[PDB]
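Asks:
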Amino acid sequence: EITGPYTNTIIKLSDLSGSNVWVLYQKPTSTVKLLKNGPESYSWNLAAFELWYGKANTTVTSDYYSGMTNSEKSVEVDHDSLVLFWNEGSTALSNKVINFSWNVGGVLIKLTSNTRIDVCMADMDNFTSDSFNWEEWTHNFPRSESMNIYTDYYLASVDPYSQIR
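Everything in the sequence shown is counted per the entry's author numbering, starting at 64 for the first residue and increasing by one.
Encoded structure:
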């Protein structure tokens with residue numbers, strides 16, 4: 064059901080023949096970059112997103128958006144969190160903080176079409192929602208060949224909620 068651990072820095076999302084793909088991570092002890100989808104350096108025209116783990120009472124700052132005057136490159140986090148920096152369409156830069164109470168956790172990548180994907184994130188607690196839903200938060204991005212991973216990770220093509228929680 065859940066496969067891994069993997070030590071690659073490049074996932075291939077082209078040949079994947081399924082609706083959904085989870086990219087899971089064991090809760091790190093310190094703030095660290097998890098994955099990233101976009102060009103090498105910041106390009107304003109192209110859409111992108113960069114995911115971090117944020118340790119409780121730290122300041123998560125983006126590397127990809129390091130040289131921007133926008134203020135959403137840096138975020139302070141109270142709880143242990145996932146922090147997704149992203150830009151798409153008219154949005155020059157934005158972030159989305161989400162709780163990470165579980166030991167294992169990650170983000171859902173919905174393969175909606177051959178041209179587009181949806182990055183689905185949910186507040187990983189046993190107390191937040193009455194009904195857990197991976198597509199609590201969502202945003203639509205263009206679909207690309209590959210994605211960069213920067214830590215050890217696990218993959219799943221089936222809903223791992225049962226095992227993770």
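Note that beta-carbon positions come from the ideal geometry of N, C-alpha and C, so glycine has one too.
(1) Hey, which unbroken runs of the alpha helix (DSSP H) at 4 residues or more fall wholly within the segment 134-210?
(2) Is it the case that the segment 208-219 contacts the segment 120-127, given that we only count it when at least three CB pairs across the two stretches are under 8 Å?
(3) Are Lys173 and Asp186 closer than 7 Å when you measure CB to CB?
(4) If you run the structure through DSSP and keep just helix, strand and coil, what is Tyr88?
(5) Whole-angstrom Cβ separation of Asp141 and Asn120, contact assumed at under 8 Å?
(6) Can you tell which of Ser82, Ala110 and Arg228 has the C-alpha that lies nearest to the C-alpha of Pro205?
(7) Thinking C-beta only, is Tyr88 closer than 7 Å to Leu76?
(8) Which residue or residues does DSSP assign as beta-bridge partners of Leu218?
(9) Expressed to the nearest angstrom, what Euclidean distance is found between the alpha-carbon atoms of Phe190 and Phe148?
(10) Would you grab the beta carbon distance between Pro68 and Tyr217 for me? Rounded to a whole angstrom, and I think it's under 8 Å.
(11) Using a Cβ-Cβ cut-off of 7 Å (strictly less than) and excluding sequence neighbours within five positions of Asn177, which residues of its own chain qualify?
(12) I need the DSSP call for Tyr116, collapsed to helix, strand or coil.
(13) Given a cut-off of 7 Å on the beta-carbon distance, is the pair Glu135 and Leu114 in contact?
Replies: Working from what's here:
(1) Within the segment 134-210, no run of alpha helix (DSSP H) at least 4 residues long lies entirely inside it.
(2) no
(3) no
(4) strand
(5) With 8 Å as the limit, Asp141 and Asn120 qualify as a contact, their Cβ atoms being about 7 Å apart.
(6) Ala110
(7) Remark: C-beta atoms of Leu76 and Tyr88 do not approach each other more closely than 7 Å.
(8) BP columns for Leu218 point to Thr66 and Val86.
(9) 25 Å
(10) The Cβ separation is near 6 Å, so the contact holds.
(11) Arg206
(12) strand
(13) no
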